[PDB]
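A.B. asks: Supplied in structure tokens, the structure appears directly below.
No lab work stands behind these numbers, since they all come straight from the coordinates. Positions of Cβ are generated from backbone atoms using ideal geometry, with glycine treated the same way; all protein chains shown enter the neighbour counts.
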Amino acid sequence: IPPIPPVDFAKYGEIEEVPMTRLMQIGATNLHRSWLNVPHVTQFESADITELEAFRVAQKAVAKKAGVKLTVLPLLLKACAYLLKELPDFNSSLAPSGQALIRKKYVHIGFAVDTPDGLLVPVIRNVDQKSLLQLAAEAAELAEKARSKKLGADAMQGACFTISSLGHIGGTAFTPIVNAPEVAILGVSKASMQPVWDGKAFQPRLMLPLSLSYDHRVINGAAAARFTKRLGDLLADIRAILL
Amino acid sequence: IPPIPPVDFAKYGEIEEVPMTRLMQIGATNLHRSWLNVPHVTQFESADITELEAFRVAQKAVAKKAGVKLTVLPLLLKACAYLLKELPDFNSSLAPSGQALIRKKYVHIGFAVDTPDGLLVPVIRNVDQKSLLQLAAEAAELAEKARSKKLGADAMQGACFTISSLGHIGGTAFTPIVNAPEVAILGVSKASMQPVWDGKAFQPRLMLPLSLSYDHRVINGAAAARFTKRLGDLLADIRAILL
Amino acid sequence: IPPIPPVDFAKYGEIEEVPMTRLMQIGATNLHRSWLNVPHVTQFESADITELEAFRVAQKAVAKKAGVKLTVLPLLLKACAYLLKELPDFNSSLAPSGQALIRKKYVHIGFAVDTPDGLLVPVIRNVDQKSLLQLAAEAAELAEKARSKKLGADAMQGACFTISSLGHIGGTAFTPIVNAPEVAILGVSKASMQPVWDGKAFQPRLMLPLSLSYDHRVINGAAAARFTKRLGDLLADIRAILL
Ligand SMILES: CC(C)(COP(=O)(O)OP(=O)(O)OC[C@H]1O[C@@H](n2cnc3c(N)ncnc32)[C@H](O)[C@@H]1OP(=O)(O)O)[C@@H](O)C(=O)NCCC(=O)NCCS
Ligand SMILES: CC(C)(COP(=O)(O)OP(=O)(O)OC[C@H]1O[C@@H](n2cnc3c(N)ncnc32)[C@H](O)[C@@H]1OP(=O)(O)O)[C@@H](O)C(=O)NCCC(=O)NCCS
Ligand SMILES: CC(C)(COP(=O)(O)OP(=O)(O)OC[C@H]1O[C@@H](n2cnc3c(N)ncnc32)[C@H](O)[C@@H]1OP(=O)(O)O)[C@@H](O)C(=O)NCCC(=O)NCCS
Ligand SMILES: NC(=O)CCCC[C@@H](S)CCS
Ligand SMILES: NC(=O)CCCC[C@@H](S)CCS
Ligand SMILES: NC(=O)CCCC[C@@H](S)CCS
């Protein structure tokens, strides 16, 4: 690939060199390797989380009594786990022959924690088997270890799918990069109150923005529009996971 | 381009290998070849199709009497054909010297059909010359042959532009990949009722989401914002094609 | 990278070759070099510019008396300059070792002018030091020289960041390509009146669409969501630049 020509930047004013951490350098190499290997598409969708949110908020005491804080991440993790089993092509990886998919029968999901040294993506194993307060506790443990440089490489391995949430900061949508060899990543941005047509008038509904990027060699446009459709439906009534 | 390191996926749980069809493998190679050759941009726009939709729906009897079903695809095909003639850089391909564009004086348009064996993109020739019920019938014939593995390579050749519609499944927008050597592709997602400011108050208007990806070597940001602007204007009053 | 197979396009109808200007050819080579070097993400945000717009419009006489026209570009340039100093990683470039960032202590910003011969990106130096009417005048001078082929390469050098505005034509958002070796570019699309929840009811607010693409090796998802968040906050009350 052609390199970028170097520029004498000091010709235009004062410059200062600061170095990158090794974590950043690893980060950079992996993103660029994903970028060039994966033909990326992003499918955008909005989910109605008005009731999910009122559930989250009422279980605040139960959560506090358990010493965990119930955020949105466990509710996303649980729904994505159910879905990674309903639609197994999203839970798989392209075999190195390029002629086979390796379907995984396990669901482990990573989540992006941006730390000062750089990006870490801790993995929660068997997300399909744990409960909202278990996932709540573990997510928080893993993120604290990640921030404290005390996360062991053991916990950064063999994820199936990644959730990347920037909802705590802002934004409307973004296009995340697939964390190859995984085949998809869900970006989540900030929920807003929004007018939604009910057949007669517009009703304010709390809308969550989802941005699914996927590896188009393995997932086609319709499979991906179906994944964000189902996910928006599960987040609108999470009781459907019960059936 | 660096390869992705292979991972022993069975270290994390049970895995199963399923193989890809040859169609998928062709599909995969072409997308990756497009990805690396085309610097992609996507221009998003919403068109007001409230009246186009009420037209579509009233001509339901005429269409049924003709044995065709009038969906939105022919109305998109007709408008894009008019536009591919108004703005000819969208109807062209980069010459292999990289120093010339080959402008095509014919308008043939492909459309994405996702089939079980993989993605096929049948082509309707001289879209500028056929009528809404002719395009309606042909589109449906071609898609059935595509699903039935009875489409001949003859009908997969020499398109100018591609329409990719996921509106029948869901979603808000996506970023399609240019089907090189073509120079643009229109993605169409799901229409929603939306409040639109009329100068005084908001009016519910049925809005269609368009996502134009283009080859930025050949099309610049302003030409592309002008294409989705014109297309949104033609879909708001399709009678302007008459003049 | 595999090449695209050549197609005999004349097999499907009449074709015509028109050649590309040298400007286009330069343009094309740079975009493709950026595409393959930069793992791109785009962060989308909407800023409430209702009051900024009413300011712009009232200062129309002051501006006319000064012989300049006050558009939105100077208000974006000033706010981005303040921000490029608050969040210095956006004002930097990846060193050729790939192990250092070169932080620039100067703020010069380019802006995309699409001209008939192709794309030019004139640079306004020390944007942090000039005032809204100075930036208004200079922006317009530079764009006229650009259109007139009288811009000297001197003025196309050593920018830190690029603004690309298509708001004058239309669109909802797009994904611009980073002008490497810079690390980010702000795309601006068309402002619309929009219902915005105020805690009780929806209020029409004039919303401006921003699309920040960035070099993910150097900028992480959270730094970028923070940049568009701050920028939306500064454009909502530009007096905060005063403090
Ligand atoms: C469990 C944990 C790992 C993730 O939590 P989370 O789901 O991000 O939620 P947080 O509590 O961090 O978010 C902060 C606030 O923004 C809110 N927020 C989160 N997602 C939001 C969304 N998508 N839309 C709008 N607001 C959101 C939270 O509910 C929370 O509100 P509060 O302060 O009133 O409780 C958490 O302990 C943590 O470490 N948080 C830090 C932020 C982070 O790195 N998140 C990464 C998730 S991929
Ligand atoms: C002509 C043909 C090829 C394409 O049809 P189409 O324009 O996709 O429309 P369909 O009838 O398939 O769509 C199914 C339903 O979703 C609706 N729909 C389609 N586009 C929509 C949009 N953009 N927004 C919202 N709803 C939409 C349709 O109008 C239709 O409604 P109905 O069931 O009440 O009639 C059709 O015969 C076919 O094979 N359809 C299958 C779907 C498909 O592969 N489409 C590919 C188009 S690129
Ligand atoms: C200063 C200059 C360089 C840029 O101006 P600008 O900020 O683009 O504004 P313009 O005056 O060109 O825009 C044309 C009209 O669309 C409006 N417009 C601009 N940005 C808009 C936005 N983001 N949303 C909605 N409308 C917008 C303008 O305010 C203007 O309205 P008017 O005709 O009623 O005055 C200008 O002199 C120029 O050369 N303009 C030509 C367009 C151009 O190339 N702009 C490139 C900016 S990166
Ligand atoms: N884990 C890594 O070392 C590479 C970076 C992660 C890939 C995704 S999270 C990028 C999101 S935009
Ligand atoms: N026709 C092919 O064999 C390649 C795949 C099509 C390119 C476009 S439709 C991708 C849309 S996201
Ligand atoms: N300046 C150049 O010669 C290359 C093209 C500019 C890069 C950006 S503005 C592309 C915006 S989508």
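A.B. asks: Could you pull the copy-to-copy label distances for C:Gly199, with points set 7 Å along Cα to Cβ, in nm to one decimal and sorted shortest first?
C.D. replies: Result for C:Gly199, in nm, nearest copy first: 3.4, 3.4.
A.B. asks: Sort B:113-126, B:145-158 by the packing proxy (mean of other Cβ within 10 Å over each peptide's residues), most packed first.
C.D. replies: Ranking, from highest mean packing down: B:113-126, B:145-158.
A.B. asks: Exactly which trypsin sites (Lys or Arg not before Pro) in region B:155-243 are in a DSSP loop and have at most 15 other Cβ atoms within 10 Å?
C.D. replies: In loop regions of region B:155-243 (DSSP not H, G, I, E or B), the sparsely surrounded trypsin sites (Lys or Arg not before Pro) are B:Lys200.
A.B. asks: How large is ³J(HN,Hα) for each residue in region C:79-96, as worked out from phi by the Karplus curve 6.51 cos²θ - 1.76 cosθ + 1.60 (θ = phi - 60°), to whole Hz, x for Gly and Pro?
C.D. replies: Karplus values, whole Hz, x for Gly and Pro: 5, 4, 4, 4, 5, 5, 8, 6, 10, x, 4, 7, 10, 8, 9, 6, 4, x.
A.B. asks: What is the distance in Å between the Cα centroid of region B:217-243 and that of region C:116-139?
C.D. replies: Cα centres, region B:217-243 to region C:116-139: 29 Å.
A.B. asks: Mean-square fluctuation check for chain B, GNM, Cα pairs under 10 Å: which of B:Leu77, B:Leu132, B:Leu186 is largest?
C.D. replies: B:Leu132
A.B. asks: If you don't mind, there's one more thing I want to ask. Which whole-Hz couplings ³J(HN,Hα) result when phi for each residue of region C:147-154 is put into the Karplus expression 6.51 cos²θ - 1.76 cosθ + 1.60, θ = phi - 60°, listed in order with x for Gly and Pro?
C.D. replies: Once θ is set to phi - 60°, the couplings for region C:147-154 become 6, 8, 6, 9, 8, x, 2, 3 Hz.
A.B. asks: Check each of the trypsin sites (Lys or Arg not before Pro) in region B:1-93 and keep only those in coil by DSSP with at most 16 other C-beta atoms within 10 angstrom; list them in order.
C.D. replies: Passing both the DSSP loop test and the Cβ count: B:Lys69.
A.B. asks: If one computes the Cα centroid of region A:158-186 and of region A:7-43, what distance in Å separates the two points?
C.D. replies: The two parts, judged by their Cα centres, are 18 Å apart.
A.B. asks: Long-range amide H contacts for A:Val183: which residues qualify at under 5 Å (H placed 1.01 Å from N, peptide plane, sequence gap of 5 or more or a different chain)?
C.D. replies: A:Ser92
A.B. asks: Give the value in nm², to one decimal: projected area of the alpha carbon convex hull of region C:49-193, averaged over all directions.
C.D. replies: Mean shadow area of the hull around the Cα atoms is 9.8 nm².
A.B. asks: From other protein chains only, count the Cβ atoms within 10 Å of every residue's Cβ in B:159-169, then give the mean.
C.D. replies: 3
A.B. asks: With contacts defined as alpha carbon pairs under 8 Å and 6 or more residues apart, what's the relative contact order of chain B in percent?
C.D. replies: Relative contact order comes out at 27 percent.
A.B. asks: Same structure again: Please list, ordered by chain and number, the residues whose modelled amide H lies under 5 Å from the amide H of A:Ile15; skip anything fewer than 5 residues away on the same chain.
C.D. replies: Under 5 Å from the amide H of A:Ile15: C:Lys105.
A.B. asks: Next up: Give me the inter-chain shielding for B:199-206: mean count of other chain Cβ atoms within 10 Å, whole number please.
C.D. replies: 2
A.B. asks: Show which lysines lie in cross-link reach of A:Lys65 when reach means a straight Cα distance below 28 angstrom and same-chain residues fewer than eight apart are skipped.
C.D. replies: In chain and number order, the partners are A:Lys78, A:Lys130, A:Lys145, A:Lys150, A:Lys190.
A.B. asks: Taking A:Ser97 in one copy and the same position in all the others, each labelled 7 Å out along Cα→Cβ, what are the pairwise distances from the first, in nm, shortest first?
C.D. replies: Sorted ascending, the copy-to-copy spacings read 4.5, 4.5 nm.
A.B. asks: Can you compute 3J(HN,Hα) from phi for each residue in region B:126-132, using the Karplus curve 6.51 cos²θ - 1.76 cosθ + 1.60 with θ = phi - 60°, rounded to whole Hz and x for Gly and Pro?
C.D. replies: Here the 3J(HN,Hα) series is 6, 4, 4, 9, 9, 9, 4 Hz.
A.B. asks: Let me ask something additional. In terms of modelled amide H atoms, which long-range or inter-chain residues lie less than 5 Å from the amide H of A:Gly170?
C.D. replies: For A:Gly170, the qualifying residues are A:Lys190.
A.B. asks: Still on this structure, I have one more. Can you give the mean number of other chain Cβ atoms that lie within 10 Å of the Cβ atoms in peptide A:43-52?
C.D. replies: 3
A.B. asks: What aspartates and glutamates sit close enough to B:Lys149 to cross-link, taking a C-alpha to C-alpha distance under 18 Å and skipping anything fewer than 8 places away on the same chain?
C.D. replies: B:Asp114, B:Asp117, B:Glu138, B:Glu141
A.B. asks: Compute the length gained on full extension between B:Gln99 and B:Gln59: take 0.36 nm times their separation in residues and subtract their Cα-Cα distance, giving the result in nm to one decimal.
C.D. replies: That works out to 9.7 nm of additional length.
A.B. asks: What distance in nm separates the simple spin-label points at B:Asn126 and C:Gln203, each placed 7 Å from Cα in the Cβ direction?
C.D. replies: 5.9
A.B. asks: Name the chain B residue nearest the rotation axis between B and A, going by Cβ position, and give the distance in whole Å.
C.D. replies: Nearest Cβ to the rotation axis, residue and whole-Å distance: B:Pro195, 3.
A.B. asks: Can you list the distances in nanometres, one decimal and ascending, from the B:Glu17 label point to the identical position in each other copy, with the point 7 Å along Cα to Cβ?
C.D. replies: Result for B:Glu17, in nm, nearest copy first: 4.8, 4.8.
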